[PDB]
>>> print(open('entry_34.cif').read())   # mmCIF, C-alpha atoms
data_entry
loop_
_atom_site.group_PDB
_atom_site.id
_atom_site.type_symbol
_atom_site.label_atom_id
_atom_site.label_comp_id
_atom_site.auth_asym_id
_atom_site.auth_seq_id
_atom_site.Cartn_x
_atom_site.Cartn_y
_atom_site.Cartn_z
ATOM 1 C CA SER A 1 135.402 72.833 128.669
ATOM 2 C CA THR A 2 138.989 72.079 129.682
ATOM 3 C CA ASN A 3 141.284 74.350 131.708
ATOM 4 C CA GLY A 4 144.232 73.765 129.346
ATOM 5 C CA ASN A 5 145.996 71.546 131.922
ATOM 6 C CA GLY A 6 144.064 68.382 131.016
ATOM 7 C CA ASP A 7 141.555 68.890 133.857
ATOM 8 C CA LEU A 8 137.946 70.067 133.725
ATOM 9 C CA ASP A 9 137.487 73.825 133.580
ATOM 10 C CA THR A 10 136.213 75.595 136.700
ATOM 11 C CA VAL A 11 134.705 79.023 137.418
ATOM 12 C CA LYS A 12 135.086 80.534 140.886
ATOM 13 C CA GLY A 13 133.817 83.526 142.814
ATOM 14 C CA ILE A 14 132.545 86.202 140.458
ATOM 15 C CA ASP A 15 132.952 83.936 137.428
ATOM 16 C CA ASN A 16 130.815 81.376 139.272
ATOM 17 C CA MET A 17 128.107 83.947 139.985
ATOM 18 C CA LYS A 18 128.182 85.033 136.348
ATOM 19 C CA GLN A 19 127.809 81.415 135.233
ATOM 20 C CA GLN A 20 124.908 80.703 137.575
ATOM 21 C CA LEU A 21 123.024 83.907 136.781
ATOM 22 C CA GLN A 22 123.467 83.395 133.025
ATOM 23 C CA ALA A 23 122.317 79.781 133.313
ATOM 24 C CA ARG A 24 119.251 80.684 135.383
ATOM 25 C CA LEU A 25 118.225 83.520 133.051
ATOM 26 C CA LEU A 26 118.759 81.299 129.995
ATOM 27 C CA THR A 27 116.918 78.291 131.439
ATOM 28 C CA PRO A 28 113.150 78.229 130.761
ATOM 29 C CA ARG A 29 111.169 77.878 133.965
ATOM 30 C CA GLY A 30 109.861 74.360 134.570
ATOM 31 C CA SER A 31 112.084 72.737 131.932
ATOM 32 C CA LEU A 32 114.720 71.566 134.428
ATOM 33 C CA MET A 33 113.952 68.209 136.033
ATOM 34 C CA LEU A 34 113.548 68.037 139.820
ATOM 35 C CA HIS A 35 113.288 71.863 139.949
ATOM 36 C CA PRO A 36 109.991 73.352 138.710
ATOM 37 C CA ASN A 37 110.718 76.949 139.721
ATOM 38 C CA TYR A 38 114.291 77.217 138.415
ATOM 39 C CA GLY A 39 114.442 79.187 135.169
ATOM 40 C CA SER A 40 112.890 82.214 133.516
ATOM 41 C CA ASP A 41 109.831 83.043 131.409
ATOM 42 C CA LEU A 42 111.717 85.191 128.855
ATOM 43 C CA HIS A 43 111.116 82.629 126.108
ATOM 44 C CA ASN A 44 107.414 83.631 126.172
ATOM 45 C CA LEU A 45 108.023 87.413 126.482
ATOM 46 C CA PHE A 46 108.797 87.888 122.763
ATOM 47 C CA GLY A 47 105.783 90.202 122.491
ATOM 48 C CA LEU A 48 104.943 93.537 120.908
ATOM 49 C CA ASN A 49 107.079 96.707 120.929
ATOM 50 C CA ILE A 50 105.357 98.788 123.613
ATOM 51 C CA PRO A 51 106.312 99.851 127.167
ATOM 52 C CA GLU A 52 104.039 97.167 128.602
ATOM 53 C CA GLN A 53 106.088 94.230 127.322
ATOM 54 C CA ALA A 54 109.239 96.094 128.381
ATOM 55 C CA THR A 55 107.800 96.259 131.903
ATOM 56 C CA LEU A 56 106.883 92.568 131.794
ATOM 57 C CA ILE A 57 110.433 91.661 130.744
ATOM 58 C CA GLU A 58 111.843 93.873 133.503
ATOM 59 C CA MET A 59 109.602 92.342 136.161
ATOM 60 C CA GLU A 60 110.418 88.806 134.991
ATOM 61 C CA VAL A 61 114.157 89.525 135.055
ATOM 62 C CA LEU A 62 113.909 91.005 138.549
ATOM 63 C CA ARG A 63 112.017 87.904 139.671
ATOM 64 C CA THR A 64 114.641 85.616 138.151
ATOM 65 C CA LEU A 65 117.499 87.510 139.796
ATOM 66 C CA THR A 66 115.725 87.714 143.145
ATOM 67 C CA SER A 67 115.197 83.923 143.033
ATOM 68 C CA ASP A 68 118.933 83.501 143.668
ATOM 69 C CA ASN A 69 119.627 83.476 147.407
ATOM 70 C CA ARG A 70 123.048 85.116 147.001
ATOM 71 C CA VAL A 71 121.618 88.131 145.132
ATOM 72 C CA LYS A 72 120.833 90.676 147.818
ATOM 73 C CA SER A 73 118.829 92.867 145.417
ATOM 74 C CA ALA A 74 118.463 93.844 141.769
ATOM 75 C CA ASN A 75 116.989 96.902 140.097
ATOM 76 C CA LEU A 76 116.498 98.516 136.700
ATOM 77 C CA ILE A 77 119.154 100.898 135.372
ATOM 78 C CA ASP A 78 118.017 101.838 131.837
ATOM 79 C CA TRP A 79 116.123 100.353 128.903
ATOM 80 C CA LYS A 80 115.200 101.301 125.350
ATOM 81 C CA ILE A 81 113.335 99.980 122.318
ATOM 82 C CA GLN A 82 114.721 100.057 118.770
ATOM 83 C CA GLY A 83 111.798 98.503 116.880
ATOM 84 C CA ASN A 84 112.621 94.793 116.766
ATOM 85 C CA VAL A 85 115.392 94.952 119.269
ATOM 86 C CA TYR A 86 114.981 95.449 123.000
ATOM 87 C CA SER A 87 117.931 96.480 125.139
ATOM 88 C CA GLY A 88 118.210 96.728 128.890
ATOM 89 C CA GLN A 89 120.740 96.620 131.673
ATOM 90 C CA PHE A 90 120.565 95.731 135.358
ATOM 91 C CA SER A 91 122.603 96.139 138.531
ATOM 92 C CA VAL A 92 123.170 93.170 140.840
ATOM 93 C CA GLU A 93 124.525 93.530 144.389
ATOM 94 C CA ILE A 94 125.928 90.212 145.617
ATOM 95 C CA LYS A 95 126.343 89.651 149.363
ATOM 96 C CA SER A 96 129.118 91.740 150.855
ATOM 97 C CA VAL A 97 132.557 90.499 151.868
ATOM 98 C CA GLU A 98 131.623 90.807 155.555
ATOM 99 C CA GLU A 99 128.536 88.616 155.194
ATOM 100 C CA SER A 100 130.391 85.977 153.182
ATOM 101 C CA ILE A 101 133.228 85.957 155.728
ATOM 102 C CA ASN A 102 130.769 85.545 158.600
ATOM 103 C CA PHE A 103 128.983 82.730 156.758
ATOM 104 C CA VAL A 104 132.147 80.780 155.925
ATOM 105 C CA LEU A 105 133.684 81.205 159.388
ATOM 106 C CA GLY A 106 130.384 80.073 160.890
ATOM 107 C CA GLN A 107 130.540 77.009 158.641
ATOM 108 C CA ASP A 108 133.782 76.002 160.390
ATOM 109 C CA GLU A 109 131.671 74.648 163.264
ATOM 110 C CA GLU A 110 130.124 72.076 160.887
ATOM 111 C CA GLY A 111 133.071 71.593 158.528
ATOM 112 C CA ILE A 112 130.895 71.118 155.440
ATOM 113 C CA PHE A 113 132.328 74.118 153.531
ATOM 114 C CA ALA A 114 129.852 73.542 150.710
ATOM 115 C CA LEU A 115 126.699 75.116 149.272
ATOM 116 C CA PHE A 116 123.280 73.403 149.185
ATOM 117 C CA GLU A 117 121.167 76.508 148.509
ATOM 118 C CA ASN B 1 72.016 121.944 105.129
ATOM 119 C CA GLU B 2 70.303 122.648 101.818
ATOM 120 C CA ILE B 3 73.007 125.250 101.105
ATOM 121 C CA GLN B 4 76.631 125.296 102.256
ATOM 122 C CA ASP B 5 77.212 128.920 103.291
ATOM 123 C CA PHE B 6 76.328 132.471 102.294
ATOM 124 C CA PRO B 7 77.770 135.904 103.248
ATOM 125 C CA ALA B 8 75.049 138.100 104.762
ATOM 126 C CA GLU B 9 76.819 141.286 103.622
ATOM 127 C CA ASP B 10 76.257 140.649 99.889
ATOM 128 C CA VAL B 11 72.474 140.788 100.448
ATOM 129 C CA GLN B 12 71.834 144.227 98.934
ATOM 130 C CA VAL B 13 68.406 145.663 98.069
ATOM 131 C CA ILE B 14 67.585 148.468 95.642
ATOM 132 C CA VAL B 15 64.031 149.827 95.578
ATOM 133 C CA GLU B 16 62.815 152.318 92.976
ATOM 134 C CA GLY B 17 59.210 152.783 91.913
ATOM 135 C CA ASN B 18 57.486 149.454 91.297
ATOM 136 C CA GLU B 19 60.815 147.613 90.821
ATOM 137 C CA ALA B 20 62.894 145.826 93.483
ATOM 138 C CA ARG B 21 66.403 144.645 92.548
ATOM 139 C CA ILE B 22 68.300 142.225 94.803
ATOM 140 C CA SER B 23 71.818 140.758 94.619
ATOM 141 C CA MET B 24 73.158 137.821 96.595
ATOM 142 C CA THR B 25 75.830 135.132 96.702
ATOM 143 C CA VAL B 26 75.371 131.519 97.797
ATOM 144 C CA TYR B 27 77.829 128.632 98.086
ATOM 145 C CA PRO B 28 75.972 125.616 96.629
ATOM 146 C CA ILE B 29 75.576 122.411 98.585
ATOM 147 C CA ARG B 30 77.928 119.623 97.482
ATOM 148 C CA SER B 31 78.314 115.862 97.989
ATOM 149 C CA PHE B 32 81.578 113.926 98.379
ATOM 150 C CA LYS B 33 82.460 111.784 95.347
ATOM 151 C CA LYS B 34 86.218 111.317 95.862
ATOM 152 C CA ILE B 35 88.558 110.840 98.837
ATOM 153 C CA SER B 36 92.360 110.901 98.517
ATOM 154 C CA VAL B 37 94.373 110.094 101.653
ATOM 155 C CA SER B 38 98.147 109.764 102.073
ATOM 156 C CA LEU B 39 99.807 107.703 104.828
ATOM 157 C CA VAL B 40 103.432 107.932 105.999
ATOM 158 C CA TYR B 41 105.237 105.535 108.357
ATOM 159 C CA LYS B 42 107.947 106.686 110.759
ATOM 160 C CA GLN B 43 110.331 105.023 113.200
ATOM 161 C CA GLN B 44 110.099 105.740 116.932
ATOM 162 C CA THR B 45 112.416 104.959 119.855
ATOM 163 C CA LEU B 46 111.229 104.862 123.487
ATOM 164 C CA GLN B 47 113.425 105.179 126.582
ATOM 165 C CA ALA B 48 112.659 104.740 130.297
#
>>> encode(input="entry_34.cif", output="structure tokens")
Amino acid sequence: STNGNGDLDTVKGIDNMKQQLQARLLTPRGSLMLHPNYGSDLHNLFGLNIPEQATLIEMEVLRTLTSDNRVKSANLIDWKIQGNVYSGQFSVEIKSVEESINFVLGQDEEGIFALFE
Amino acid sequence: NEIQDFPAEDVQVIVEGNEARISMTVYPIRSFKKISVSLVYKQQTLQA
């Protein structure tokens, strides 16, 4: 999309993390070229309505979130089943301001100021 | 299982002379020849 000023739109900081986490969760695992492990297996977890499939979904989502290097940890908050529909919510703790500051100021020695994670 | 059930109390015996009179009650054995069953579906919601 466009930023409204005739240049390409850009997402930064928290918007960037949102974008990347959404894209990883939405991507099927193994579908992306040059990156077998990037993605998620949620496309196959459209199973039955029992706690077991709920737990499988939860474990898959925690794996997908953990896969990101910047995500320090993730954990279940609450889930429920409404027949067809499954609903769940998670809590994601990105790296703290202190750690990011230390990382960027360390990067000054190299001057790259870029991310190849 | 030739008979269903019987109350022991009803077994009463009268004896007089050469005659013996006895009363009893028995519930006859029976065999199933019809089954009616009703099923009801209900929603459920699970949490945590």
>>> resolve_selection(input="entry_34.cif", expression="the PyMOL selection byres ((chain B) within 6 of (chain A))", output="PyMOL selection string")
chain B and resi 45-48
>>> residues_near_point(input="entry_34.cif", point="(119.9, 87.6, 140.0)", cutoff="10 Å", atoms="only C-alpha atoms", output="PDB file with C-alpha atoms, in the coordinates of the input")
ATOM      1  CA  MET A  17     128.107  83.947 139.985  1.00  0.00           C
ATOM      2  CA  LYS A  18     128.182  85.033 136.348  1.00  0.00           C
ATOM      3  CA  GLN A  20     124.908  80.703 137.575  1.00  0.00           C
ATOM      4  CA  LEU A  21     123.024  83.907 136.781  1.00  0.00           C
ATOM      5  CA  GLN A  22     123.467  83.395 133.025  1.00  0.00           C
ATOM      6  CA  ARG A  24     119.251  80.684 135.383  1.00  0.00           C
ATOM      7  CA  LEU A  25     118.225  83.520 133.051  1.00  0.00           C
ATOM      8  CA  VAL A  61     114.157  89.525 135.055  1.00  0.00           C
ATOM      9  CA  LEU A  62     113.909  91.005 138.549  1.00  0.00           C
ATOM     10  CA  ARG A  63     112.017  87.904 139.671  1.00  0.00           C
ATOM     11  CA  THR A  64     114.641  85.616 138.151  1.00  0.00           C
ATOM     12  CA  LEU A  65     117.499  87.510 139.796  1.00  0.00           C
ATOM     13  CA  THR A  66     115.725  87.714 143.145  1.00  0.00           C
ATOM     14  CA  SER A  67     115.197  83.923 143.033  1.00  0.00           C
ATOM     15  CA  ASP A  68     118.933  83.501 143.668  1.00  0.00           C
ATOM     16  CA  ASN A  69     119.627  83.476 147.407  1.00  0.00           C
ATOM     17  CA  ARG A  70     123.048  85.116 147.001  1.00  0.00           C
ATOM     18  CA  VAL A  71     121.618  88.131 145.132  1.00  0.00           C
ATOM     19  CA  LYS A  72     120.833  90.676 147.818  1.00  0.00           C
ATOM     20  CA  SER A  73     118.829  92.867 145.417  1.00  0.00           C
ATOM     21  CA  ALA A  74     118.463  93.844 141.769  1.00  0.00           C
ATOM     22  CA  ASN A  75     116.989  96.902 140.097  1.00  0.00           C
ATOM     23  CA  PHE A  90     120.565  95.731 135.358  1.00  0.00           C
ATOM     24  CA  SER A  91     122.603  96.139 138.531  1.00  0.00           C
ATOM     25  CA  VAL A  92     123.170  93.170 140.840  1.00  0.00           C
ATOM     26  CA  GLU A  93     124.525  93.530 144.389  1.00  0.00           C
ATOM     27  CA  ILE A  94     125.928  90.212 145.617  1.00  0.00           C
TER      28      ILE A  94
END
>>> atom_distance(input="entry_34.cif", atom1="atom CA of residue 8 of chain A", atom2="atom CA of residue 114 of chain A")
19.1 Å
>>> resolve_selection(input="entry_34.cif", expression="the PyMOL selection byres ((chain B and resi 25) around 10)", output="PyMOL selection string")
chain B and resi 5-11+23-24+26-28
>>> atom_distance(input="entry_34.cif", atom1="atom CA of residue 5 of chain A", atom2="atom CA of residue 23 of chain A")
25.1 Å
>>> build_atoms(input="entry_34.cif", residues="segment 6-18 of chain A", atoms="N, CA, C and O atoms", output="PDB file, in the frame of the given file")
ATOM      1  N   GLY A   6     144.655  69.701 131.054  1.00  0.00           N
ATOM      2  CA  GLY A   6     144.064  68.382 131.016  1.00  0.00           C
ATOM      3  C   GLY A   6     143.045  68.071 132.087  1.00  0.00           C
ATOM      4  O   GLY A   6     142.645  66.909 132.204  1.00  0.00           O
ATOM      5  N   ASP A   7     142.598  69.064 132.855  1.00  0.00           N
ATOM      6  CA  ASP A   7     141.555  68.890 133.857  1.00  0.00           C
ATOM      7  C   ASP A   7     140.325  69.695 133.447  1.00  0.00           C
ATOM      8  O   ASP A   7     140.402  70.593 132.605  1.00  0.00           O
ATOM      9  N   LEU A   8     139.180  69.363 134.047  1.00  0.00           N
ATOM     10  CA  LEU A   8     137.946  70.067 133.725  1.00  0.00           C
ATOM     11  C   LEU A   8     138.043  71.532 134.130  1.00  0.00           C
ATOM     12  O   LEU A   8     138.630  71.874 135.160  1.00  0.00           O
ATOM     13  N   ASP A   9     137.463  72.399 133.303  1.00  0.00           N
ATOM     14  CA  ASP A   9     137.487  73.825 133.580  1.00  0.00           C
ATOM     15  C   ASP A   9     136.552  74.151 134.741  1.00  0.00           C
ATOM     16  O   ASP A   9     135.542  73.477 134.964  1.00  0.00           O
ATOM     17  N   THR A  10     136.903  75.201 135.480  1.00  0.00           N
ATOM     18  CA  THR A  10     136.213  75.595 136.700  1.00  0.00           C
ATOM     19  C   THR A  10     136.090  77.112 136.714  1.00  0.00           C
ATOM     20  O   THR A  10     136.983  77.814 136.232  1.00  0.00           O
ATOM     21  N   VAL A  11     134.952  77.600 137.206  1.00  0.00           N
ATOM     22  CA  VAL A  11     134.705  79.023 137.418  1.00  0.00           C
ATOM     23  C   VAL A  11     134.441  79.240 138.900  1.00  0.00           C
ATOM     24  O   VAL A  11     133.698  78.473 139.524  1.00  0.00           O
ATOM     25  N   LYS A  12     135.051  80.285 139.453  1.00  0.00           N
ATOM     26  CA  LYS A  12     135.086  80.534 140.886  1.00  0.00           C
ATOM     27  C   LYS A  12     134.725  81.982 141.188  1.00  0.00           C
ATOM     28  O   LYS A  12     135.026  82.889 140.408  1.00  0.00           O
ATOM     29  N   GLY A  13     134.087  82.182 142.334  1.00  0.00           N
ATOM     30  CA  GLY A  13     133.817  83.526 142.814  1.00  0.00           C
ATOM     31  C   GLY A  13     132.887  84.273 141.881  1.00  0.00           C
ATOM     32  O   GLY A  13     131.741  83.870 141.651  1.00  0.00           O
ATOM     33  N   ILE A  14     133.381  85.382 141.327  1.00  0.00           N
ATOM     34  CA  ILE A  14     132.545  86.202 140.458  1.00  0.00           C
ATOM     35  C   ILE A  14     132.239  85.470 139.160  1.00  0.00           C
ATOM     36  O   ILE A  14     131.135  85.589 138.618  1.00  0.00           O
ATOM     37  N   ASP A  15     133.219  84.745 138.612  1.00  0.00           N
ATOM     38  CA  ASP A  15     132.952  83.936 137.428  1.00  0.00           C
ATOM     39  C   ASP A  15     131.845  82.924 137.697  1.00  0.00           C
ATOM     40  O   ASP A  15     130.990  82.679 136.837  1.00  0.00           O
ATOM     41  N   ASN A  16     131.845  82.336 138.891  1.00  0.00           N
ATOM     42  CA  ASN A  16     130.815  81.376 139.272  1.00  0.00           C
ATOM     43  C   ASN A  16     129.448  82.042 139.297  1.00  0.00           C
ATOM     44  O   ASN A  16     128.459  81.489 138.800  1.00  0.00           O
ATOM     45  N   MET A  17     129.371  83.229 139.907  1.00  0.00           N
ATOM     46  CA  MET A  17     128.107  83.947 139.985  1.00  0.00           C
ATOM     47  C   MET A  17     127.608  84.321 138.601  1.00  0.00           C
ATOM     48  O   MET A  17     126.412  84.204 138.306  1.00  0.00           O
ATOM     49  N   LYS A  18     128.520  84.776 137.741  1.00  0.00           N
ATOM     50  CA  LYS A  18     128.182  85.033 136.348  1.00  0.00           C
ATOM     51  C   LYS A  18     127.590  83.795 135.697  1.00  0.00           C
ATOM     52  O   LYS A  18     126.537  83.862 135.050  1.00  0.00           O
TER      53      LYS A  18
END
